[PDB]
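Enquirer: sequence isn't available, so here's the structure alone:
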RNA sequence: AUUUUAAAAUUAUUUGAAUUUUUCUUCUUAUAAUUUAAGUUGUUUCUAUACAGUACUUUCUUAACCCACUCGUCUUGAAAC
RNA sequence: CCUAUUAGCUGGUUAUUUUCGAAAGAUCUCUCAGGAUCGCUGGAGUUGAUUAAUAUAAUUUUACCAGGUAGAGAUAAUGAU
RNA sequence: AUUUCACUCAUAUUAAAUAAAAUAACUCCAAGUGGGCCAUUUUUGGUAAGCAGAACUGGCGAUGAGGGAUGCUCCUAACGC
RNA sequence: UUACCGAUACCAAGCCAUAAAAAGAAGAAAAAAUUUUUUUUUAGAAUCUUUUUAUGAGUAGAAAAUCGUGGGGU
Ligand SMILES: [Mg+2]
Ligand SMILES: [Mg+2]
Ligand SMILES: [Mg+2]
Ligand SMILES: [Mg+2]
Ligand SMILES: [Mg+2]
Ligand SMILES: [Mg+2]
Ligand SMILES: [Mg+2]
Ligand SMILES: [Mg+2]
Ligand SMILES: [Mg+2]
Ligand SMILES: [Mg+2]
Ligand SMILES: [Mg+2]
Ligand SMILES: [Mg+2]
Ligand SMILES: [Mg+2]
Ligand SMILES: [Mg+2]
Ligand SMILES: [Mg+2]
């Protein structure tokens, strides 16, 4: 038989029963497929920083030990 | 039936009257950073990097910058939920939005005001006071300059 | 005081002006007398008229004053001429009608009834342009001229409007409309 | 209507009879809630049978109290009588329908000793 | 413990004393302001000029249309305002945004500028208050000042009179006070509306406008 | 009527009363509920809530993990509302003072050996009714294998959800839609 | 606390006083005002009248002015009409 | 089985001020009572000096005012011709 | 007898109360009397919130863009005329 | 760009209003549904149609009550006793 | 122009349920008789008790608590 082949009727209402949900907004979007080269540089930097931190910690420990 | 990538664009992407040509060479010097808000305004003089019909006019945060590209996090309302769309565009289309800069200016001014307040220790109310009701006044008008009014007859 | 008789149209002097702008610091003020049922209605009418005549809307102007005019001699009969603009279902018309009354307000009340009754013109569709007392040498309407006659006299052919107490539905004797 | 006697308020002396129980013998008066499209009772048209509802409930404080102001306790046996020696004003005995005449008499006697009211003392009398 | 109790009592007494003085001050102000307005008017009359009065700061808004057959936007606006039933009234701090909101809901409400006495009446006869931990409220009628002196102690409005004052003339602490007040569940008016269909400013009989003074009469009727 | 959400009535989404009929556990909840209400200590409330929770949300906390958590602040008492399991993967065990709902026997034994203390919840309450010098800990909650089937369905791109499959091996869910070679991927 | 009645603050004197401590003083003042006899009021009327003359005159001037303006407007309208006719 | 307290208010006392000079003027120092606080208490009949009556409670049965369409069902829609 | 064959189709599908409460869009489907999957609903649960807050909002202001429908134009372009 | 140190940005009126905003998010499991229909306003085809087809919103459906004599949708207004 | 009549909406109060919220592991009160007897109560069941406030339409559907039948162990 012939049909109500399309309607956007009530759709808005349906949507608004659980609100138009926003994205949750996370502080750290993945840098997965984004700017290469730069991001590897960043990674390297981070690693360096971590190493430095670790060294500092080690030094502190040594000091504590005497 | 016919939902191609440039449908309903007879006017969206038509360059405005006496502004054909191309994007001016100074538009390529707009500085962008990972966090800048950014309008997407499809200059259809460049056919590369043309973002979809829908994102024309819609602002978004820059999440990625490239050789001549800009990824833009733009919201799209999709039936029951807004979702983040990563619109990869050329620079010709991406324009730096101005909303954020209004806020920025205010911030700057507010800092100065705060400093001033601290200089003297005072409770300055920063927050923008919206258009409230008007206070009492006493308006001098001569009886000469008060033009009386009646409705108009029909013609 | 009688509240069954009153028609609560008053006359209001409204004065207002456009809010001053940097570009036009000292704008013109406009006034009008407006016949309205209350003060707020009067204000609204004033705003409407401003909108119609000048570029002026309630949001970009301010009312300076709304006064309320009470008739000075509310028990002296006067002959009021009124000039209206009204809208019919077919189109728009001017007309000048005259009302013998005790106050401007009363005249206007009369007028609204008459326009409603005679032309089916509802209050929305009418705009009073001016009412002024016509001294009886210039009265043009015959139903007013007659009243202005010298030693006026007439009988009382109206039927009794008995109080609801003494309106009783069963009567001993067939009342008389003649009276005297 | 509402049926005050003292502090006992009953909101509904009339029983809720099944819809149409009056029309067909096969439909017993025991309330059954009409499912079914177009029922009219379900839809609550003016002038039809009412639907029992939690609004009709009796105040939490007087609920199961009889006109006596006493909760009914059914009793089969003398031992059972004993729980209500310490509650002879709040509870009133009913002797179970199946208790024998001699036993009934005994129960009645016990009740009298306790000062506890018996609501069916007259059974087999 | 006894000592503590005594101390508490003393404190209460002090508070009461303070309140009374404040109330007196408010009373003094109210009359004075009124007098001043009159004086200003007189001056204006004398010297050709006009005195426009201060635009009215608060606005008491009574809902007219009930729950059904309402657009979504208007519903949202109502929710924001806190008018949820047919004759929920509430005070509203007249603003730009607020004005805009009102305009969106104009046909479904009446409003106007309450007047001090009316406000007082509302507070006393009809004033309930939200008493509980946030988002769990309980609509309690005021009667005692301890009810309100708890939540609004910080902001220096103990007792109903202070609240009333705040309401009348949008003070520093107006918004908070308004929030504290449970939306005014009013009767219907004892003589009746003219017609909720039509506007107040319609030349025919109606109700839904900004009946800017005459709200007070309506309130009195339907208190 | 009244234009309200859920009509007036406030939704509360979680557990209410423990559905368990474990008399000891009921007693515990009674106690800790009491403590929560009187000693409005947060800690107590939290404990009560965790006691109420279902078994998946009281996952087992491994001895190693406990040790790790205790690492920075010693002597203070780790409390764990679930079971603590032992770790063969630990070599050394420090002097640990731990409250838990359950200790697996071997874990308990290990603790004893360490010259530590296994406290039950009542004991903890007796000792530390406001949870002074305590540390609430949870085991790995979403480390459950059921949870690996949740989230975005495998089929949606970038989902790390395990499909429910009979078994592993090439024959099972490793062709069309799992490799570029057979139509598409994921 | 068990909810009891809710007392009509406006009337229930004690309740009112509890609500608003100052109220009592205000009410006393009101009572005092009510008290004073009509002779004084009558006397004051004369004083008011004396004080009012200037104000009255001003009012008259204002309303007269308004009337005049209206008249002028009417005249102008008439003139315009005449012009149109011509 | 101590927020039916506390305070407010009121009455009869007592100390000190105030400008609204006031048998309800206000606050406050102290003391007793009271209710306007701190959701109805009393008085007098009656039922009744009764063991079921014609009263009282209750079931059914009739009327009367107003209302009420055949339930179930598929259906946008069923009292459905 | 296999066989209680199969039926996307028709009919029926048995206590009470309380609580929440839809959809008749969408995509694909030898699909259009059906299904799957979203949507809307309930229950379960957790993290939260319980601090008149911040998240948040079918809302509005203040900025800031985007627009080419109503209207308007034809002695602006195109096409009429 | 990331990191760690500094110094310092309004805050109890809360970086504009307003908010029975956390009755929120999120995860899980599953139900029913996937024939719709009507009203204003915009609107396509059609001479039109209680016709066919759309948009916005609200209804009916799933919904009684008061009004419109009468009536699935109009007005008022949504329902514990 | 008043006045009136007029809903299951509104308002006040009561009662039911739901939801949430407060909050909770020791004691004489009165009357009647004539200083002592008699009369009632003299509570503390956490899915429970007390109190508060709001709310309450509903098919398909979902859930919970109840009710009942045939048999089993206690
Ligand atoms: Mg139906
Ligand atoms: Mg009417
Ligand atoms: Mg309407
Ligand atoms: Mg009938
Ligand atoms: Mg059909
Ligand atoms: Mg049927
Ligand atoms: Mg077969
Ligand atoms: Mg519901
Ligand atoms: Mg079929
Ligand atoms: Mg277009
Ligand atoms: Mg056009
Ligand atoms: Mg259906
Ligand atoms: Mg309806
Ligand atoms: Mg009709
Ligand atoms: Mg229900």
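Expert: Noted; the coordinates are in hand. Residues are numbered from 1 along each chain as shown, chains lettered A, B, ... in the order given. Ligands and ions are numbered 1, 2, ... in the order given.
Enquirer: most proximal residue of chain F with respect to chain G?
Expert: Nearest residue of chain F to chain G (CB to the nearest CB) works out as residue F:8 at 18.6 Å. Placement of C-beta: from N, CA and C, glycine included.
Enquirer: that residue touches residue E:139, doesn't it?
Expert: No - the criterion here is CB atoms under 8 Å, and residue F:8 misses it with residue E:139 at 11.3 Å.
Enquirer: chain E contacts on chain B?
Expert: Contact residues, chain B versus chain E (CB under 8 Å from any CB of the partner chain): B:130-143.
Enquirer: narrow those residues to just the buried residues.
Expert: Buried by 16 or more other CB atoms under 10 Å in any protein chain shown: B:133, B:139, B:141, out of the residues of chain B next to chain E.
Enquirer: in strands, which of those appear?
Expert: residue B:139 (DSSP state E).
Enquirer: who has more neighbours, residue F:8 and residue E:139?
Expert: residue E:139 (12 against 8; other CB atoms under 10 Å in any protein chain shown).
Enquirer: what residues are bridge-paired with the more buried one?
Expert: Beta-bridge partners for residue E:139, by DSSP bridges, are residue E:130.
Enquirer: you'd agree it is up against residue E:127?
Expert: No - applying CB under 8 Å as the test, residue E:139 and residue E:127 come out as separate, 10.6 Å apart.
Enquirer: now the element after the longest helix belonging to chain E, going C-ward?
Expert: Criterion DSSP state H: the longest helix present in chain E is helix E:2-46. Scanning forward in sequence from helix E:2-46 by DSSP states H and E, the next helix or strand is strand E:50-52.
Enquirer: quick check: which element contains residue B:105?
Expert: Element membership for residue B:105, per DSSP H and E: helix B:99-120.
Enquirer: if I look at the residue of chain F closest to chain G, how far off is residue C:4?
Expert: Note on residue F:8: its distance to residue C:4, by CB to CB, to the nearest Å, is 47 Å.
Enquirer: quick one, phi psi at the residue nearest the centre of chain E?
Expert: Nearest residue to the geometric centre of chain E (CA atoms, centre = their mean): residue E:91, 3.9 Å. Residue E:91 adopts backbone torsions of phi -80, psi 150, taken as degrees, to the nearest 10.
Enquirer: contacting residues for it?
Expert: E:58-61, E:114, E:119, E:167, E:178, E:181 (CB atoms under 8 Å, 6 or more residues apart in numbering or on different chains).
Enquirer: in ChimeraX, how would I select just the buried ones from these?
Expert: Remark: buried members of the contacts of residue E:91, expressed as a ChimeraX selection using 16+ other CB under 10 Å:
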select /E:58,59,60,61,114,119,167,178,181
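Enquirer: apart from its chain neighbours, what residue comes closest to residue D:59?
Expert: residue D:9 (6.4 Å; CB to CB, 6 or more residues apart in numbering or on different chains).
Enquirer: for the one you found, give the beta-bridge partners.
Expert: residue D:4.
Enquirer: you'd agree it is up against residue D:62?
Expert: Yes - counting by CB under 8 Å, residue D:9 does reach residue D:62; the two are 7.2 Å apart.
Enquirer: residues near residue D:6, how many?
Expert: Residues lying near residue D:6 (other CB under 10 Å) number 8.
Enquirer: got it, and residue C:20?
Expert: Counted with other CB under 10 Å, residue C:20 comes out at 12.
Enquirer: same question, residue A:52
Expert: Residue A:52 has 10 nearby residues by other CB under 10 Å.
Enquirer: tell me the SS of it?
Expert: For residue A:52, the secondary structure call by DSSP: H, G, I helix; E, B strand; the rest coil comes out as helix.
Enquirer: wasn't residue C:128 part of a strand?
Expert: Yes - with three-state DSSP as the criterion, residue C:128 is assigned to a strand.
Enquirer: enumerate every residue touching it.
Expert: B:151, C:35, C:82-84, C:108, C:111.
Enquirer: any idea how far the closest residue to chain B within chain E is from residue B:125?
Expert: Using CB to the nearest CB, residue E:55 is the residue of chain E that sits closest to chain B, at 3.2 Å. Distance of residue E:55 to residue B:125, computed by CB to CB: 20 Å.
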